[PDB]
Structure formats: C-alpha cells, structure tokens
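One chain is shown next in structure tokens, namely the form deposited in one PDB entry.
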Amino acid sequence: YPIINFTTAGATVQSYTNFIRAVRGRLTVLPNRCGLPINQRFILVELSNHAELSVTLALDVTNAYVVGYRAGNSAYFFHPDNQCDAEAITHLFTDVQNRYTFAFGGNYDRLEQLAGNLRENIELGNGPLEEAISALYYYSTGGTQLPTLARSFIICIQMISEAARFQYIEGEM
C-alpha cells in the first residue's frame, strides 16, 4: 500500500498541510466498504517524533479512519465491524511478528469511555501528537496504560483522519 510520511520534528503549518493533502488525495469516500479490492483499500501513514520513535497507522481509504497500527515488531487492530474488514485487516503488516485485535472498536464514543477521567477536553497540537506517538509505541512494551492509549488514539484520529475527511468533504462543496 502507498506510504505517506510525517514527522513532528521541526514541523511547520506547511509540512502539516502538505501531509494532510497527501492523505486526502488517496481517499475515495464511499457509503459501504467491501466495494474495493483489498489491494487498494488502505493507506499507510508513518509517524515519527523528536525522540525518533516511529509508528505506522493503517487508514481505510473509504472513510479515512484508523483501523489499526504497527510499532516495531507488533501490530494492533480495533475490533472489526464485519467480515469484509475482519479478513481485510489480515492483509496488513503481514511481516510483523506479533498481532493482536482489541475486543473494542475505534469509534469516538468507545475511546472517550476508555479515556475515562484522564482526558476531559483533549488538547491537540504538535506537542500532544509528539507524546501520542510515544504512547502508541511504548504500549507494545508495557509502558502505556489503557486510558492513556485511548487519549492518544483520539489525538491521532482528530489530527489526521478527521483533518483529511473534513478537507475531502469541503472539496466537493
């Protein structure tokens, strides 16, 4: 799948905007989602920060949302909504050693609930994203608690998935 890169290190409004434009350009918003061959159903977004840590998010081209991610030798996936997506996600990060699928989904309502007290009005920005990237990475080694992971997913989704969707829709007036 096509890979799009972005780093928070030395990030500017211009680098962030070109990044979102690249994602928007690979989208094909549709009502349903089994209507596309698995070979062109996803877009990979590799994020890296100041500590040089890197994680790769898997975005669904039909809605722009995150279905899962990779951090080193481990991959995590939100609970799939149906069978197309279930078997579809088995085609992501096939060379990774460890694979795990959460019992919960990646929708805002679930994430907000999991974020519990930890986050009441999540702050967005280059700084929060920098920290979110580290949280997602360390989750694979036991240094990230669930509420923190949830908060981090929300930051990535709002700053990437949602930003791309918004621009796509405003594009078609």
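One rule holds for the numbers: they count along the sequence shown, beginning at 1.
Stretches 124-132 and 32-40 differ in mean C-alpha B factor, with the higher average recorded for 32-40.
Per-stretch averaging of Cα B factors for 107-115 and 22-30 places 22-30 on top. In the PDB entry, residue 140 places in the highest third of its chain by CA B-factor. Ranked against the other modelled residues of its chain, the C-alpha B-factor of residue 101 as given in the entry falls in the lowest third.
A second form of this protein, the form deposited with a partner chain bound, is not displayed here; the remarks below concern that form.
Although the partner is absent here, residue 42 is not a contact residue: none of its heavy atoms lies within 4.5 angstroms of the partner chain in the deposited bound form. Contact annotation for residue 80: at least one heavy atom lies within 4.5 Å of the partner chain in the deposited bound form.
The partner chain in the deposited bound form is approached by residue 139, whose closest heavy atom lies within 4.5 angstroms of it. Contact annotation for residue 108: none of its heavy atoms lies within 4.5 Å of the partner chain in the deposited bound form. Only one of 118, 146, 29, 51 lies close to the partner chain in the deposited bound form, with a heavy atom inside 4.5 Å, and it is 146.
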